[PDB]
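Enquirer: The structure follows.
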Amino acid sequence: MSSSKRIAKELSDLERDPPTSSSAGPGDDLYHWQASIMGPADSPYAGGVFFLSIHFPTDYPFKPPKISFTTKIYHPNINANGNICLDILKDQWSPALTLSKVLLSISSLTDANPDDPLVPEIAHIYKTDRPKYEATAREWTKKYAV
Amino acid sequence: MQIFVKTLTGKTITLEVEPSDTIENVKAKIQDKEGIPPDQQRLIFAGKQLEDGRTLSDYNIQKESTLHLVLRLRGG
Amino acid sequence: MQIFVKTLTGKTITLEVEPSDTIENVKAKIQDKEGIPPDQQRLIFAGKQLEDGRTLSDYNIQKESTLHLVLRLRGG
Amino acid sequence: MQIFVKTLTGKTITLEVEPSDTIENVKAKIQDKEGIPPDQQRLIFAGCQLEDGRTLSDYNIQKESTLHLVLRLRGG
Amino acid sequence: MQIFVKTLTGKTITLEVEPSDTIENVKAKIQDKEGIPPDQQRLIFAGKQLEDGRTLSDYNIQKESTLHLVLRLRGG
Amino acid sequence: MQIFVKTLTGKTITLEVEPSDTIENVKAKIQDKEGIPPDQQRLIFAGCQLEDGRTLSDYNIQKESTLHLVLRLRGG
Amino acid sequence: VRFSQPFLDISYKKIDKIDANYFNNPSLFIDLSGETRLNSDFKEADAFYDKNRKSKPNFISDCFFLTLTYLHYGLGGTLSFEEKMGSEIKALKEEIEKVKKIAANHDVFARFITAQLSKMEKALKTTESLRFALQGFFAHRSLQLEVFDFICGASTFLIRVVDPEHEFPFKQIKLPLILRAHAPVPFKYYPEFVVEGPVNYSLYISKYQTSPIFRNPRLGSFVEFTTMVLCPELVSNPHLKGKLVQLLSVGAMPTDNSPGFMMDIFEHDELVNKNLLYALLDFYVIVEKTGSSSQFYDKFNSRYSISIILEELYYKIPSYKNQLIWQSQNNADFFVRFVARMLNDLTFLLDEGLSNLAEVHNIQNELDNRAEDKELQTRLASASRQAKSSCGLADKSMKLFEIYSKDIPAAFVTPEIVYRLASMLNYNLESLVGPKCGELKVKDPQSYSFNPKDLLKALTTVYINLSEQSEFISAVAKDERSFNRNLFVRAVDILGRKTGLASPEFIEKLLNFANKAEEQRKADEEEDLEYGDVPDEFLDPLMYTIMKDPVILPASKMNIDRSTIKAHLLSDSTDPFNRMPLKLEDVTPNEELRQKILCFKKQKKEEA
Amino acid sequence: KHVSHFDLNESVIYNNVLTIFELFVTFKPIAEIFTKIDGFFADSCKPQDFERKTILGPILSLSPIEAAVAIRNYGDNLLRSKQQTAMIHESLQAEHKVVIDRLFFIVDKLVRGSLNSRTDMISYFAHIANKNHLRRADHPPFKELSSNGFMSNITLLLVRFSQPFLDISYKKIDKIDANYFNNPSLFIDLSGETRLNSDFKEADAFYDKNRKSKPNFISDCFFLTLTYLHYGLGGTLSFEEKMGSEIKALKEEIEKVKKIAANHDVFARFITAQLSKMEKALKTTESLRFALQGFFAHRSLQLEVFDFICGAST
């Protein structure tokens with residue numbers, strides 16, 4: 001009744017204005033998307049392009065879409081299940097936040113949030129052991145995100 | 001038809017191709033227009049890496065679409 | 001610089017600032033009344049985000065402009 | 001106030017807690033009622049782990065909230 | 001023009017190089033994968049250390065010339 | 001500089017240490033040479049124990065000094 | 001326990017002998033450290049001790065409560081230690097092979113390990129003989145009969161304490177009696193184990209053919225206590241009310257379609273049948289407040305038990321059916337929320353179950369690699385159990401849908417629920433008839449409760465019952481997301497594989513519905529295309545559709561339709577743009593743009 | 001896999017296995033390239049996996065020290081007198097001498113294969129060495145370290161290269177350079193290598209302070225000899241030094257579990273099975289203790305070792 005027509009326009013906003021470091025869109029399912037993001041140059045992820053699995057909820061506008069990773073990463077706010085410690089989706093999820101805006105907030109992840117230690121072993125390393133953190137992040141970058 | 005190819009530097013080039021062309025043909029055009037070796041070339045479309053044995057019509061590549069090129073390289 | 005701030009329910013306080021100050025120093029006049037820890041220093045400005053670490057010249061806090069203070073429930 | 005917690009077998013041992021109390025502070029009230037050394041004290045709330053030193057009010061655990069006393073690969 | 005280098009523990013590795021590459025440049029091409037401090041540069045060819053200031057050209061380095069990555073320098 | 005330490009069986013493993021280094025700082029250089037987790041790392045000097053967080057210069061341990069790697073009732 | 005039955009006489013004359021005020025003074029012989037209370041905190045407890053401010057010694061009352069204390073801490077502890085030692089028997093079998101499957105070719109370490117595993121095998125035979133022994137005297141239908149008699153008597157004692165006049169068993173109690181103070185003095189301050197013990201005993205003891213409840217006339221008295229528990233103010237902890245409802249499940253659980261042993265009592269007791277259905281009807285709502293979906297043993301199991309009750313309750317006894325019809329026709333506001341909450345779960349039950357079956361297959365394929373570890377196998381067990389629970393919950397919930405659709409189809413046709421129901425039904429149909437279930441071949445699906453085509457039959461029947469409702473098919477015609485006529489065609493062949501699942505006339509009815517909805521689907525396309533175009537600023541910023549009732553948002557000064565803002569407001573009372581304090585009363589309709597949209601549609605009529 | 005019990009018991013297997021190499025090793029064209037094949041080097045490999053994950057590991061690991069050999073020889077008569085166990089010794093030490101000589105013949109042509117061949121063998125030994133520093137702890141990770149039979153076999157095997165330059169005429173002294181530790185190490189590890197009367201601070205500077213390198217197998221082999229002496233059977237002797245205490249410890253509980261009232265129905269049977277393995281354990285600990293002692297009392301082998309000690313000291 002209302003669910004689908006938002007998605008088409010949010011997708012066509014890509015055709016009207018392509019993004020800088022990302023891309024979006026579906027296979028054939030409307031609610032099954034596959035996003036894109038490339039590791040920032042000013043970050044150990046550099047040299048990494050990521051594969052994303054997206055399933056929209058019953059309401060993409062009225063509810064935050066759960067997002068999972070396909071490519072393994074070495075980051076505190078990310079586990080092996082691709083769970084994203086983005087504070088927008090669960091706390092300040094506005095209906096007006098576009099999928100592009102959500103992709104931008106993902107691209108903000110880079111800036112790690114230490115108070116959310118999804119993997120505390122990596123969180124403490126970010127707290128004190130940034131050198132090996134940066135080395136191993138690029139290690140896994142070249143391992144998975146070619 | 002014209003499409004958009006994005007490199008890791010963000011440099012955007014419009015490539016005038018046809019849907020029947022293969023990805024290998026597109027990478028050859030890229031190497032001709034910039035000299036960049038095709039073996040280092042990794043094309044990204046909507047989070048998908050394409051295959052030189054496959055063609056543009058296979059992955060629903062319409063004109064004026066954006067393709068991301070990834071250069072896998074190691075100075076060491 | 002008199003900048004107003006209001007919580008979710010509509011309660012507000014009257015606080016002073018300077019144009020070249022920092023948002024945490026502006027926040028330092030937010031914990032003067034309630035005692036709000038800096039960990040919950042959330043600033044909302046017209047559908048965007050304002051990080052705590054920056055300064056007032058970066059937040060373009062005009063004269064008598066109301067900001068939004070919302071209790072943070074971080075964790076994940 | 002009082003809060004809840006449940007193990008794998010479904011037992012629901014309640015225990016009074018205070019907003020000031022840290023996670024180790026509450027876990028100190030665990031071996032008394034179940035005989036579990038805090039070396040294996042593993043807490044999950046809302047699917048997210050809890051920091052050892054952080055206080056009770058650090059996870060907005062309201063009155064009549066829910067915890068989940070789960071265990072790691074330790075013991076035996 | 002890539003070269004091979006082996007460490008004490010025997011981790012074979014490759015690194016593309018040039019006749020004009022300085023020794024410190026080559027060493028900077030090592031911590032990318034091994035995380036070695038470049039100040040402790042110690043490369044061994046023909047039973048000799050490599051003068052860091054010079055380049056590879058003054059050494060008769062040939063195609064797939066073997067090197068030994070022994071830079072222990074462990075004051076401990 | 002370098003200092004000494006001996007076990008119960010009489011073996012004398014030396015190890016470099018620094019005046020700034022804490023007792024845990026030096027004990028971190030123990031499992032590398034003997035495979036002993038610092039959970040049982042027990043140090044006695046001149047019949048008096050050493051505080052965990054205390055640094056090397058907290059016991060006037062000069063160059064060519066002596067430690068005594070003893071063990072508690074743990075292990076086995 | 002023998003001292004109890006004299007004051008727990010079947011004449012029930014010594015009720016006044018045991019004082020219900022026994023917990024006005026502080027304890028004298030029993031401990032309260034760690035004694036969790038019913039529906040009050042220590043802060044009120046210590047004050048209420050003083051708040052009376054005055055003490056008549058009596059052995060009888062102390063013995064009565066010490067009886068329950070030794071019931072829970074005692075043979076309750078035994079059953080927990082042994083019911084454990086039933087599953088702990090398998091845990092022992094795992095830890096033994098943890099020490100025996102390994103290479104035992106050491107010189108003295110393996111010798112010590114053999115002696116170490118000898119102690120574990122002595123404990124293993126200890127557990128096996130405990131299983132072969134404790135169950136024996138549990139089968140001693142006298143000891144268990146005496147214990148259950150004590151349970152019934154104690155329940156008869158405690159139920160009078162909640163009655164303000166304590167008229168029972170000499171009379172009845174008006175139901176219900178009616179938040180943190182509304183609990184009746186002084187039941188709230190009583191120790192909590194006095195309930196946990198007996199319910200644990202009943203729950204565990206009902207796994208044997210000579211269980212005490214089997215053909216027992218004294219039983220059922222405390223069933224009234226359970227029903228009275230579900231005034232909701234009586235207790236506070238939800239996780240023992242969950243135990244209560246799980247008990248009631250097996251109490252009404254149907255080998256040979258035999259009637260449940262409480263069915264006669266559930267149908268021949270005024271104090272129960274008057275208010276039971278209302279009670280667990282309300283209760284099915286609240287358990288969602290016990291956190292979100294993290295792991296098993298969650299409120300979903302509580303839902304499983306709270307649902308398979310009605311599943312047969314509508315079947316056998318018809319008086320409850322008439323009561324439900326009266327409820328649905330009178331206080332349908334109560335009923336719609338219940339239907340909505342249960343409709344909501346189905347949105348992801350089958351998705352989650354298919355996901356976890358794929359996870360179980362993934363873990364199975366990781367091991368057996370012919371080219372932690374056992375913690376990953378505990379994860380496989382937990383995921384298989386989670387998938388089985390999800391599948392069973394879907395099955396039971398759907399089975400509930402059809403029997404209520406057949407009886408009262410006018411309930412499902414409320415506007416706020418019909419769209420959701422149609423969307424869920426169509427998505428489930430697509431998820432089942434799609435390749436997701438076809439490719440997922442589970443080894444022995446009868447084990448993991450995944451019984452797909454049976455569920456397909458119920459799904460089809462769900463459509464069938466309300467297939468003659470214009471609003472329903474109109475909602476199904478309007479599911480642009482997951483509507484296709486070919487899904488029903490595929491379902492026809494899938495049911496035709498295993499013939500007899502549906503009738504030929506069943507197929508005719510479903511195909512009738514499938515065709516009849518197609519025209520309503522098609523006509524909307526022409527309505528939206530020929531007389532609908534794509535102008536600007538006429539579209540909802542949050543929906544991108546024309547608004548039949550555009551209203552002005554008082555905060556952001558933007559136009560929006562009433563449905564979109566109502567849906568936004570149900571999740572939070574905040575404006576989507578500036579998060580101002582937003583209420584439905586503060587909104588303002590937009591008449592000029594509504595009339596302009598009418599004129600736009602008139603112009604579109606002038607086009608065609 | 002098929003012959004996983006690759007002990008010295010099956011006198012009809014290992015002789016054939018040795019003879020299999022005995023033909024390849026003869027041909028000079030075979031030796032000059034035998035050193036560069038698949039499976040020669042190990043992987044970063046697990047220290048206990050040098051037994052079964054390389055070429056040589058399955059053949060030179062044969063040595064009397066292996067547990068099952070002692071179980072099969074001295075575990076029968078656990079309370080045997082000195083003469084009875086000396087019989088087992090004098091029987092097995094001859095076979096040990098035969099195998100030592102047979103495989104030294106291998107390694108001689110292996111070193112005499114080619115330039116890259118002898119460099120490869122030196123590297124192959126050095127790599128096994130430097131990954132066994134844990135052997136010299138009070139309680140080393142025995143289950144995670146190379147079996148001391150193997151580490152001892154290689155020791156007196158490679159010790160043979162020493163006596164030529166350690167001649168009793170003492171003419172090849174200048175052959176081994178005393179300046180061998182002027183450059184940094186090439187094959188042997190120095191991490192944790194304590195020094196005599198100097199620190200790392202002077203060590204690293206003195207490495208540079210010369211600022212210049214003439215390859216030679218002989219000098220590398222000489223020091224690798226001592227390295228394997230210490231990290232090898234030097235570790236083994238302490239490894240068995242606690243075994244004698246362990247024998248008393250095992251006998252301590254032997255009567256402790258028998259002094260109890262053994263009057264159960266099936267717990268008694270489990271207890272009896274708990275000491276049926278314990279008496280075999282005693283017969284195996286005693287076998288190891290009375291087997292390590294005899295080959296130490298093998299005066300020929302110790303004579304060679306002491307000759308090497310004297311020569312190196314000279």
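Scheme for the structure tokens: letters A, B, ... for chains in order shown; per-chain residue numbers from 1; ligand numbers from 1 in order shown.
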Could you give me, as a PyMOL selection string, the residues within 10 Å of residue 57 (chain F), counting only C-alpha atoms and dropping anything in the same chain fewer than 4 positions from it?
Expert: chain F and resi 18-23+61-62
Enquirer: What does the Cα RMSD come to when chain E is optimally superposed on chain C over every C-alpha atom in order?
Expert: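 Here the C-alpha RMSD works out to 2.1 Å.
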Enquirer: With a cut-off of 10 Å and counting only C-alpha atoms, select all residues of chain A in contact with chain D and give the selection as an mmCIF file with N, CA, C and O atoms, in the first residue's frame.
Expert:
```cif
data_model
loop_
_atom_site.group_PDB
_atom_site.id
_atom_site.type_symbol
_atom_site.label_atom_id
_atom_site.label_comp_id
_atom_site.auth_asym_id
_atom_site.auth_seq_id
_atom_site.Cartn_x
_atom_site.Cartn_y
_atom_site.Cartn_z
ATOM 1 N N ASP A 115 33.457 3.449 22.813
ATOM 2 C CA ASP A 115 32.514 3.120 23.885
ATOM 3 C C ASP A 115 31.586 2.012 23.455
ATOM 4 O O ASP A 115 30.762 1.544 24.238
ATOM 5 N N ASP A 116 31.715 1.594 22.206
ATOM 6 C CA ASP A 116 30.895 0.509 21.708
ATOM 7 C C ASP A 116 31.832 -0.574 21.239
ATOM 8 O O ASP A 116 32.169 -0.645 20.057
ATOM 9 N N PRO A 117 32.268 -1.432 22.166
ATOM 10 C CA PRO A 117 33.276 -2.443 21.819
ATOM 11 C C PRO A 117 32.662 -3.748 21.354
ATOM 12 O O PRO A 117 32.618 -4.731 22.099
ATOM 13 N N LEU A 118 32.179 -3.753 20.108
ATOM 14 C CA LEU A 118 31.576 -4.953 19.542
ATOM 15 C C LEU A 118 32.544 -6.129 19.573
ATOM 16 O O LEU A 118 32.129 -7.271 19.800
ATOM 17 N N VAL A 119 33.825 -5.874 19.348
ATOM 18 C CA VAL A 119 34.886 -6.846 19.565
ATOM 19 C C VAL A 119 35.905 -6.225 20.511
ATOM 20 O O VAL A 119 36.799 -5.489 20.083
ATOM 21 N N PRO A 120 35.787 -6.480 21.818
ATOM 22 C CA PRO A 120 36.640 -5.791 22.799
ATOM 23 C C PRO A 120 38.129 -6.028 22.616
ATOM 24 O O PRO A 120 38.925 -5.153 22.989
#
```
Enquirer: Can you pull out every residue within 12 Å of residue 36 (chain F), counting only C-alpha atoms, but drop anything in the same chain fewer than 2 positions away, and send it as a list in words?
Expert: residues 7, 27, 28, 29, 30, 31, 32, 33, 34, 38, 39, 40, 41, 42, 69, 70, 71, 74 and 75 of chain F; 134, 137, 138, 139, 140 and 141 of chain H
Enquirer: Please list as a VMD selection string every residue within 8 Å of residue 16 (chain F), counting only C-alpha atoms and excluding residues in the same chain fewer than 6 positions away.
Expert: (chain E and resid 75 to 76) or (chain F and resid 1 to 3)
Enquirer: What's the 9 Å shell around region 84-91 of chain A, counting only C-alpha atoms, without same-chain residues fewer than 3 positions away, as a PyMOL selection string?
Expert: (chain A and resi 63-69+77-79+94+102+105-106+109+113+116-118) or (chain C and resi 72-76)
Enquirer: Grab the CA of residue 65 (chain C) to CA of residue 572 (chain G) distance for me, in Å with one decimal place.
Expert: 25.4 Å
Enquirer: Residues of chain C were defined as contacting chain G if any atom lay at most 9 Å from it, counting only C-alpha atoms; please report them as a list in words.
Expert: residues 8, 9, 10, 44, 45, 46 and 47 of chain C
Enquirer: Based on the selection just made, write N, CA, C and O atoms of those residues as a PDB file, in the first residue's frame.
Expert:
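Writing the result to selection_23.pdb gives the following:
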```pdb
ATOM      1  N   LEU C   8      14.123  16.965  25.163  1.00  0.00           N
ATOM      2  CA  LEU C   8      13.047  16.355  24.387  1.00  0.00           C
ATOM      3  C   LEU C   8      11.677  16.860  24.830  1.00  0.00           C
ATOM      4  O   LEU C   8      10.807  17.129  23.995  1.00  0.00           O
ATOM      5  N   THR C   9      11.465  16.989  26.138  1.00  0.00           N
ATOM      6  CA  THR C   9      10.142  17.311  26.660  1.00  0.00           C
ATOM      7  C   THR C   9       9.786  18.784  26.540  1.00  0.00           C
ATOM      8  O   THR C   9       8.601  19.118  26.624  1.00  0.00           O
ATOM      9  N   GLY C  10      10.762  19.667  26.351  1.00  0.00           N
ATOM     10  CA  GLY C  10      10.503  21.086  26.220  1.00  0.00           C
ATOM     11  C   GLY C  10      11.110  21.959  27.297  1.00  0.00           C
ATOM     12  O   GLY C  10      10.939  23.182  27.240  1.00  0.00           O
ATOM     13  N   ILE C  44      21.982  18.425  18.024  1.00  0.00           N
ATOM     14  CA  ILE C  44      21.194  18.182  16.822  1.00  0.00           C
ATOM     15  C   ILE C  44      20.938  19.523  16.152  1.00  0.00           C
ATOM     16  O   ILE C  44      20.517  20.483  16.812  1.00  0.00           O
ATOM     17  N   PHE C  45      21.194  19.598  14.846  1.00  0.00           N
ATOM     18  CA  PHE C  45      21.045  20.838  14.085  1.00  0.00           C
ATOM     19  C   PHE C  45      20.503  20.517  12.694  1.00  0.00           C
ATOM     20  O   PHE C  45      21.274  20.229  11.775  1.00  0.00           O
ATOM     21  N   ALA C  46      19.177  20.562  12.555  1.00  0.00           N
ATOM     22  CA  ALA C  46      18.496  20.542  11.255  1.00  0.00           C
ATOM     23  C   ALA C  46      18.866  19.315  10.417  1.00  0.00           C
ATOM     24  O   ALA C  46      19.339  19.428   9.283  1.00  0.00           O
ATOM     25  N   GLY C  47      18.634  18.134  10.983  1.00  0.00           N
ATOM     26  CA  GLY C  47      18.835  16.895  10.262  1.00  0.00           C
ATOM     27  C   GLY C  47      20.274  16.471  10.078  1.00  0.00           C
ATOM     28  O   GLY C  47      20.529  15.514   9.338  1.00  0.00           O
TER      29      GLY C  47
END
```
Enquirer: Quick one: distance from CA of residue 5 (chain G) to CA of residue 145 (chain G) in Å, one decimal?
Expert: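 The value is 12.2 Å.
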Enquirer: Applying 8 Å and only C-alpha atoms, which residues near region 149-157 of chain H remain after dropping the ones on its own chain fewer than 4 positions away? List them as a PDB file with N, CA and C atoms, in the first residue's frame.
Expert:
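Written output follows (selection_21.pdb):
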```
ATOM      1  N   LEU H  60      65.479 -40.380  10.337  1.00  0.00           N
ATOM      2  CA  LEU H  60      66.500 -40.129  11.342  1.00  0.00           C
ATOM      3  C   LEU H  60      65.913 -39.946  12.730  1.00  0.00           C
ATOM      4  N   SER H  61      64.590 -39.855  12.842  1.00  0.00           N
ATOM      5  CA  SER H  61      63.948 -39.809  14.144  1.00  0.00           C
ATOM      6  C   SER H  61      64.045 -41.130  14.885  1.00  0.00           C
ATOM      7  N   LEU H  62      64.431 -42.205  14.209  1.00  0.00           N
ATOM      8  CA  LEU H  62      64.617 -43.483  14.880  1.00  0.00           C
ATOM      9  C   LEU H  62      65.746 -43.368  15.895  1.00  0.00           C
ATOM     10  N   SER H  63      65.471 -43.769  17.137  1.00  0.00           N
ATOM     11  CA  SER H  63      66.470 -43.750  18.194  1.00  0.00           C
ATOM     12  C   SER H  63      65.928 -44.590  19.332  1.00  0.00           C
ATOM     13  N   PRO H  64      66.782 -45.238  20.129  1.00  0.00           N
ATOM     14  CA  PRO H  64      66.264 -46.123  21.183  1.00  0.00           C
ATOM     15  C   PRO H  64      65.400 -45.418  22.210  1.00  0.00           C
ATOM     16  N   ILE H  65      65.494 -44.092  22.321  1.00  0.00           N
ATOM     17  CA  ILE H  65      64.834 -43.376  23.405  1.00  0.00           C
ATOM     18  C   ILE H  65      63.314 -43.483  23.341  1.00  0.00           C
ATOM     19  N   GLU H  66      62.746 -43.792  22.174  1.00  0.00           N
ATOM     20  CA  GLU H  66      61.298 -43.716  21.996  1.00  0.00           C
ATOM     21  C   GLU H  66      60.569 -44.590  23.013  1.00  0.00           C
ATOM     22  N   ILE H 100      73.350 -45.370  13.353  1.00  0.00           N
ATOM     23  CA  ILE H 100      74.054 -44.095  13.377  1.00  0.00           C
ATOM     24  C   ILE H 100      75.037 -44.026  12.222  1.00  0.00           C
ATOM     25  N   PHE H 104      74.825 -41.531   8.983  1.00  0.00           N
ATOM     26  CA  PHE H 104      75.933 -40.613   8.781  1.00  0.00           C
ATOM     27  C   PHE H 104      76.477 -40.727   7.368  1.00  0.00           C
ATOM     28  N   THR H 225      77.154 -27.336  16.105  1.00  0.00           N
ATOM     29  CA  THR H 225      77.397 -28.519  16.918  1.00  0.00           C
ATOM     30  C   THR H 225      77.139 -28.230  18.390  1.00  0.00           C
ATOM     31  N   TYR H 228      73.350 -27.485  19.086  1.00  0.00           N
ATOM     32  CA  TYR H 228      72.552 -28.690  19.228  1.00  0.00           C
ATOM     33  C   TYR H 228      72.956 -29.495  20.449  1.00  0.00           C
ATOM     34  N   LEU H 229      74.209 -29.385  20.881  1.00  0.00           N
ATOM     35  CA  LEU H 229      74.627 -30.045  22.110  1.00  0.00           C
ATOM     36  C   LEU H 229      73.831 -29.522  23.293  1.00  0.00           C
ATOM     37  N   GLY H 232      69.956 -29.652  22.600  1.00  0.00           N
ATOM     38  CA  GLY H 232      69.551 -31.022  22.370  1.00  0.00           C
ATOM     39  C   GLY H 232      69.668 -31.900  23.594  1.00  0.00           C
ATOM     40  N   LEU H 233      70.560 -32.889  23.533  1.00  0.00           N
ATOM     41  CA  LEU H 233      70.694 -33.841  24.626  1.00  0.00           C
ATOM     42  C   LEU H 233      71.061 -33.167  25.936  1.00  0.00           C
ATOM     43  N   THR H 236      67.869 -32.968  27.072  1.00  0.00           N
ATOM     44  CA  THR H 236      67.346 -34.296  27.366  1.00  0.00           C
ATOM     45  C   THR H 236      67.745 -34.766  28.754  1.00  0.00           C
ATOM     46  N   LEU H 301      79.756 -43.903  22.823  1.00  0.00           N
ATOM     47  CA  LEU H 301      79.092 -42.671  22.417  1.00  0.00           C
ATOM     48  C   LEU H 301      79.535 -41.502  23.284  1.00  0.00           C
ATOM     49  N   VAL H 305      81.523 -37.983  22.448  1.00  0.00           N
ATOM     50  CA  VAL H 305      81.019 -36.675  22.852  1.00  0.00           C
ATOM     51  C   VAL H 305      82.083 -35.922  23.638  1.00  0.00           C
TER      52      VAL H 305
END
```
Enquirer: Would you mind listing, as a CSV table (one decimal) with N, CA, C and O atoms, in the first residue's frame, all residues of chain E that have at least one atom within 10 Å of chain A, where only C-alpha atoms are what counts?
Expert:
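The resulting file, out.csv, is reproduced below:
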```csv
chain,number,residue,atom,x,y,z
E,31,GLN,N,58.1,-3.3,6.0
E,31,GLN,CA,57.2,-3.2,7.2
E,31,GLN,C,55.8,-3.2,6.7
E,31,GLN,O,54.9,-3.3,7.6
E,32,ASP,N,55.5,-3.0,5.4
E,32,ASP,CA,54.2,-3.1,4.9
E,32,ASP,C,53.6,-4.5,5.2
E,32,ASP,O,52.4,-4.6,5.6
E,33,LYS,N,54.4,-5.5,5.1
E,33,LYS,CA,53.9,-6.9,5.4
E,33,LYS,C,54.5,-7.5,6.7
E,33,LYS,O,53.9,-8.3,7.3
E,34,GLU,N,55.7,-7.0,7.1
E,34,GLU,CA,56.3,-7.5,8.3
E,34,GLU,C,56.3,-6.6,9.5
E,34,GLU,O,56.5,-7.1,10.7
E,35,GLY,N,56.0,-5.3,9.3
E,35,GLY,CA,56.0,-4.4,10.4
E,35,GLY,C,57.3,-4.2,11.2
E,35,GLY,O,57.4,-4.2,12.4
```
Enquirer: So how far away is CA of residue 63 (chain G) from CA of residue 31 (chain G), in Å?
Expert: 13.9 Å
Enquirer: Please provide the set of residues having any atom within 12 Å of residue 66 (chain B), restricted to only C-alpha atoms, with same-chain residues fewer than 2 positions apart removed, written as a ChimeraX atom specification.
Expert: /A:14-25,36 /B:2-7,10-15,43-47,61-64,68-69
Enquirer: Hey, can you spit out that residue selection with C-alpha atoms as a PDB file, in the first residue's frame?
Expert:
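Output contents, as saved in selection.pdb:
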```
ATOM      1  CA  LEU A  14      21.581   7.443  -7.617  1.00  0.00           C
ATOM      2  CA  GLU A  15      20.939   7.769 -11.349  1.00  0.00           C
ATOM      3  CA  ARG A  16      20.132  11.473 -10.959  1.00  0.00           C
ATOM      4  CA  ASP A  17      23.266  12.055  -8.834  1.00  0.00           C
ATOM      5  CA  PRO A  18      25.813   9.233  -8.488  1.00  0.00           C
ATOM      6  CA  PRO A  19      27.725   8.993  -5.200  1.00  0.00           C
ATOM      7  CA  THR A  20      31.423   9.612  -4.669  1.00  0.00           C
ATOM      8  CA  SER A  21      32.804   6.443  -3.059  1.00  0.00           C
ATOM      9  CA  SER A  22      29.781   4.120  -3.082  1.00  0.00           C
ATOM     10  CA  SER A  23      26.940   2.641  -5.121  1.00  0.00           C
ATOM     11  CA  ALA A  24      23.657   0.913  -4.377  1.00  0.00           C
ATOM     12  CA  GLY A  25      20.730  -0.935  -5.921  1.00  0.00           C
ATOM     13  CA  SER A  36      29.377  -0.776  -2.125  1.00  0.00           C
TER      14      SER A  36
ATOM     15  CA  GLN B   2      27.799   6.157 -22.748  1.00  0.00           C
ATOM     16  CA  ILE B   3      28.513   5.046 -19.172  1.00  0.00           C
ATOM     17  CA  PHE B   4      30.571   6.257 -16.204  1.00  0.00           C
ATOM     18  CA  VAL B   5      33.772   4.566 -15.005  1.00  0.00           C
ATOM     19  CA  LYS B   6      35.279   5.664 -11.686  1.00  0.00           C
ATOM     20  CA  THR B   7      38.878   4.965 -10.703  1.00  0.00           C
ATOM     21  CA  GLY B  10      37.755   9.438  -8.154  1.00  0.00           C
ATOM     22  CA  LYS B  11      38.605  10.399 -11.741  1.00  0.00           C
ATOM     23  CA  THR B  12      35.444   9.985 -13.826  1.00  0.00           C
ATOM     24  CA  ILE B  13      35.585   9.000 -17.506  1.00  0.00           C
ATOM     25  CA  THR B  14      32.640   8.558 -19.861  1.00  0.00           C
ATOM     26  CA  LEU B  15      33.069   5.435 -21.989  1.00  0.00           C
ATOM     27  CA  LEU B  43      35.363  -3.140 -12.095  1.00  0.00           C
ATOM     28  CA  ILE B  44      32.669  -2.560  -9.470  1.00  0.00           C
ATOM     29  CA  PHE B  45      28.972  -2.101 -10.262  1.00  0.00           C
ATOM     30  CA  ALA B  46      26.470  -1.940  -7.388  1.00  0.00           C
ATOM     31  CA  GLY B  47      28.902  -3.950  -5.293  1.00  0.00           C
ATOM     32  CA  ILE B  61      24.325  -2.429 -17.238  1.00  0.00           C
ATOM     33  CA  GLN B  62      22.351   0.497 -18.651  1.00  0.00           C
ATOM     34  CA  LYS B  63      23.894   3.592 -20.201  1.00  0.00           C
ATOM     35  CA  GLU B  64      24.973   6.481 -17.958  1.00  0.00           C
ATOM     36  CA  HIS B  68      33.994   1.781 -10.076  1.00  0.00           C
ATOM     37  CA  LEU B  69      37.481   0.679 -11.134  1.00  0.00           C
TER      38      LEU B  69
END
```
